[PDB]
Ligand SMILES: [Fe+2]
Ligand SMILES: [Fe+2]
């Protein structure tokens, strides 16, 4: 009985970086469908009373794809915000500087990883179990939740995430992604 | 060095099933970029002098992804045509009827497979070396060329192939795909 969590802002709040139309389809159709599909697939199964994270860590096939995508998108919406972007400060800035050399280095590494993540997928900033930050990419519904690394930030590189606004120019999408990064969410994730 | 083969028709030939803008981007940007990236990866290497097929059957990583996608798209453009679609005749009709019972059954199965293919990929009708026909789906740049089967027909289900025209409605795209199938090409593939 999972529900589609409410968007953290107005559907046109990320314009012009991500259009209101993209949110309408991405959130209203894609994300909503993953929720509906997940609910239908777990009915009557041992997954019924489990948390979303629990299902993601104990499933495969269709149940996994839908559950992971539900979580990935909710995390994604929280990674964005209006009147945000720019450079992080405090603990996040310090951790990024220590793990990548500088914010600029991190930004270039994250951008490159995201652009080169072949096909559909996600690119993440995570804190590995060794306490150091790293950038990793996943394919399709893949998520760091199935590992011992903690997700801090992500960018959806499935084409539906940017085709309406940037067509083939995934790099253009990444450029604008930086103008939307919600460092408050990233900071919360790192502080946990 | 590889050249992007000319499209078998003007970019408006498949409209309204596939729009001129989709062709503009799909052929003019996506396909072209695969050619460019392939060229840059193989320049000055032992992959020079090799056919596209030879590269696909002897590579991995980026070389394979780009080489395979170049071939897949050229094959795809030949699978589509104006004033086509409908149902096959002659040898193609016979083979499909013998393997799937009827064209209607084949059509339903191919469509179902294409819709279910998760993430980016392709759905194919192939002929195994023993003469049996089968429907197989691949992920990302995956192609039957790396197997023992012969590609007869394919549909691109990467989101860029249909998002401009159908957004998330991949089923609608598949319906319109059938109005474009170039059975003459399929017959050539089967007769080889
Ligand atoms: Fe998405
Ligand atoms: Fe394509």
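Within region B:126-140, the set of residues being at negative phi and more than 13 Å from every other protein chain (Cβ to nearest Cβ) comprises B:126, B:127, B:128, B:129, B:130, B:132, B:133, B:134, B:135, B:136, B:137. If you go through region A:33-64 and keep only what is in contact with a helix residue (DSSP H, G or I) (Cβ under 8 Å, 6 or more places away or on another chain) and within 19 Å of residue B:119 (Cβ to Cβ), you end up with A:34, A:35, A:37, A:38, A:41, A:56, A:59, A:62, A:63, A:64.
Hey, any hits in region B:68-84 for a residue that's in contact with a strand residue (DSSP E or B) (Cβ under 8 Å, 6 or more places away or on another chain), away from ligand 1 (no atom under 16 Å from the Cβ) and more than 21 Å from residue B:160 (Cβ to Cβ)? Yes, because at least one residue in region B:68-84 is in contact with a strand residue (DSSP E or B) (Cβ under 8 Å, 6 or more places away or on another chain), away from ligand 1 (no atom under 16 Å from the Cβ) and more than 21 Å from residue B:160 (Cβ to Cβ). For region B:166-192, a residue qualifies if it is within 16 Å of ligand 2 (Cβ to nearest atom), under 17 Å from residue B:74 (Cα atoms) and in a helix (DSSP H, G or I), and exactly one does: B:177.
How many residues are more than 12 Å from chain B (Cβ to nearest Cβ) and buried (at least 24 other Cβ atoms within 10 Å of the Cβ) when one looks only at region A:56-71?
2
Answer with yes or no whether residue A:44 is more than 21 Å from residue A:22 (Cα to Cα) and either touching a strand residue (DSSP E or B) at 6+ places or on another chain (Cβ under 9 Å) or more than 14 Å from chain B (Cβ to nearest Cβ) (or both). Against the criterion (more than 21 Å from residue A:22 (Cα to Cα) and either touching a strand residue (DSSP E or B) at 6+ places or on another chain (Cβ under 9 Å) or more than 14 Å from chain B (Cβ to nearest Cβ) (or both)), residue A:44 qualifies. Scan region A:122-165 for residues that are within 16 Å of ligand 2 (Cβ to nearest atom) and either over 13 Å from the mean Cα position of the chain (by Cα) or part of a helix (DSSP H, G or I) (or both) and the total you get is 4.
Considering A:94, A:184, the condition of being surrounded by fewer than 16 Cβ atoms within 10 Å (Cβ to Cβ), farther than 30 Å from residue B:32 by Cα and free of Cβ contacts under 8 Å to residues at least 12 places away in the same chain is satisfied by A:94 alone.
Taken together, the values in this text are just the output of simple stated rules run on the coordinates, not laboratory data. Virtual Cβ from ideal backbone geometry, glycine too; neighbours counted across all protein chains shown.
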